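Both backbone and side-chain heavy atoms feed into the values below; hydrogens, waters and symmetry mates do not. So you know, we letter chains A, B, ... as the sequences are listed, proteins then strands, and number each from 1.
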Amino acid sequence: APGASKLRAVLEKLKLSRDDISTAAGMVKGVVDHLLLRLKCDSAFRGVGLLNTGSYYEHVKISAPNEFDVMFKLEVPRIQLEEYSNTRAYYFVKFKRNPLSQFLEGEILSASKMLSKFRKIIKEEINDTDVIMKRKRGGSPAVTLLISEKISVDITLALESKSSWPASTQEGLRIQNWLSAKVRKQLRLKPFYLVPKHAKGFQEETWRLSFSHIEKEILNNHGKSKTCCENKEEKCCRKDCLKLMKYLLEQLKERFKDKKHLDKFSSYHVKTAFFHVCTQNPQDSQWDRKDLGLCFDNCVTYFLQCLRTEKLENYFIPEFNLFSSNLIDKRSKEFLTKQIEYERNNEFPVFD
Amino acid sequence: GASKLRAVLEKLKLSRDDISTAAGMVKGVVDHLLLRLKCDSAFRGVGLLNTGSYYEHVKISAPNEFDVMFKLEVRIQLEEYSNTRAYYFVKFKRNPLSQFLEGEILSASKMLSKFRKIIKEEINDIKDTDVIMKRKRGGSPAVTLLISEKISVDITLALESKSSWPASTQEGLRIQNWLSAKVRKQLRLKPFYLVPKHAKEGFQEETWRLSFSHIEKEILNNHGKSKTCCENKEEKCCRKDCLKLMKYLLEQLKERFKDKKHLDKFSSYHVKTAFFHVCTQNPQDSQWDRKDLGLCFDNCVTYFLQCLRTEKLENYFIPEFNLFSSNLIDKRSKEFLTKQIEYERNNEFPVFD
Ligand SMILES: O=C(O)[C@@H]1CCCN(c2nc3ccccc3n3cccc23)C1
Ligand SMILES: O=C(O)[C@@H]1CCCN(c2nc3ccccc3n3cccc23)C1
Ligand SMILES: [Zn+2]
Ligand SMILES: [Zn+2]
């Protein structure tokens, strides 16, 4: 059936912003490189570095040309984790043995003291850029840089641990039938990350698991075939389906911006649902470009099924339901369901 | 005739337990050496490389003999020797190894002597172990450890360089159609290694030779176009079994004819290099179906014979370096191996009986 041409028109429109996203990224890289070189001089942040994560390095940044999000990794001594209240994603951080001694509150690493020093040094080194404290986000992102005219950068601190992944991830990352058990094992040997994030008042000394570096690797190396999307015979529509899924939600959220019905929904929900769609459809032949219309339709349908059943487990932490009623109320999911179904039934007028 | 090739593969597995037990004994001795070496200021950054046929799962000979590479992280400047493409003098830009300098170049002889002396002193404190200075191998391997009753291990020292690969590698590693250009670029961001190896003029004694054994392992242990190659019944291929059979056939021919020197210069590295070229020429997993093992091995043998007849076998990473040059292997050797392999193939490999 006709319709995919409208999806292609949207993908063409998104490509027009590539050069403006590239020139603003080059300015961000300049400020960020200078920030890190000054941060490494502090004894607590000597092991600081740049994590090459986010939609920009995944080549799926499809809105906000002057809004970037960057992660600063910090290598830590051997970390011991203590799960917080069976949340499977939030942990207290302890140490087996230390430059971060000043930030201990008892025996746990205080996220409050780490953010305070992080925000203080950044404000001191920024002193054509200004700094803004990022509030109402639980600590991640911590700050927002304002660079030159209208460029903003959200900066997130992330502890790096080279230890085995926590037990709560043992059944996650179900890529064996898609990218192979060998790749799974190699991914699980990479470090994992922890960002400061309070858990709901709130417990303010918790850290949350982050696998943004794994998400980027899978997105940029997404086929069963190693030569997927490298020649005309092996072009797939995986990345374009993710792009359109993120664009659909962003255009809907802009459409209903004044009311908070879609406030709790995030590009991470679409990203997580997409990874599960890839697990359920591991063969490259199921993602052929001539079926771009079909594939996007099945992606929308899968995300619709997640909202109706109120189930969307974290791809890495299967016991963590991103769609739990403690996080997103039923009426919000029903509202998003109705609007997406309307769009799908009318060839997506949001894309006009 | 493919059933006899399967019989060989079956009988090769009987030695897996003996290989594993000896490998564990080697590891314990090797770990004691690395701890002693890391105490010296010149070798503070020494580490184990984990390469060779054991870690590639294609070890087919000498269950009690192993090859081990100690890597040493070094910012070096390379100066190619006599346009050889593979042999280099090592200089430094802008130093823990300054005791091994002779003028501006890093001396392989001076570094090997200190390497041998530390290992020899750390071995005298380990029971049922002795060390031998390896001769006539040009410095690599440097020593041979004797362990317990019949275990021996060759130890090679290797400088690690995290800089860009040398220009002689620019058009090597032609895996784009097989393992993808994305993987090729990832492999080339890894370090390269240099082993001490004298060059024939070996008459020039301060050269180092490029080594990519870590890259050969990655390819062999991740060999399919499909990431799930050999991970399920639908995607079982015969690539590694073909390599094992090629290695076994050459080794068996060398041992059968060791009373003469006709085959002394041939090495398993020649078979492995030809195999990588076979993989480049046949990139699809479908061309390596396990039901066609007899045909696949026959085509591998055929390709190796063609290299022998044409006297052409480029180093897989350095395409201008011909391993089958007349400066390295006499035409008489190639002719004798050709005739022997042809006779074997014609009568269903009686060498395996
Ligand atoms: O990891 C991050 O911080 C990324 C940037 C912020 C958004 N995001 C999320 N990651 C989560 C990781 C574990 C549990 C819940 C998560 N979650 C719930 C809503 C949004 C997220 C992705
Ligand atoms: O590199 C080593 O030392 C490995 C262990 C010894 C065997 N070998 C060879 N590598 C070479 C690398 C560049 C040029 C010629 C090479 N060559 C010629 C005959 C055998 C080799 C592999
Ligand atoms: Zn693709
Ligand atoms: Zn295979």
Practice prompt. Please answer whether the main-chain N or O of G224(B) pairs with a side-chain N or O of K226(A) as donor and acceptor at a distance below 3.5 Å.
Written response: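 Side chain of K226(A) to backbone of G224(B), a donor-acceptor pair under 3.5 Å: yes, one is there.
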Worksheet item: Does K182(B) reach the main-chain N or O of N220(A) with its side chain, forming a donor-acceptor pair under 3.5 Å?
Response: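 Yes.
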Worksheet item: Nearest 0.5 Å, what's the CD-CG distance between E230(A) and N177(B)?
Response: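 Rounded to the nearest 0.5 Å, the CD-CG separation comes out at 9.0 Å.
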Worksheet item: Side chain, backbone, both or neither: which part of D284(A) has a non-hydrogen atom closer than 4.5 Å to chain B?
Response: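 Nothing of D284(A), per the 4.5 Å heavy-atom cut-off to chain B.
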Count the heavy atoms belonging to other residues, nucleotides or ligands that lie under 6.0 Å from [atom1] of [X], then report whether that count exceeds 12.
{"X": "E171(A)", "atom1": "CD", "result": "no"}
{"X": "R174(A)", "atom1": "CZ", "result": "yes"}
{"X": "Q284(B)", "atom1": "CD", "result": "yes"}
{"X": "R46(A)", "atom1": "CZ", "result": "no"}

Item to complete: With a 4.5 Å cut-off on heavy-atom pairs, point out which of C229(B), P283(B), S226(B) contacts chain A the most.
Response: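 Counting heavy-atom pairs under 4.5 Å, the top option is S226(B).
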Fill in: Engaged part of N222(B) at the chain A interface, taking heavy atoms whose separation is under 4.5 Å
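Interface part for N222(B): both.
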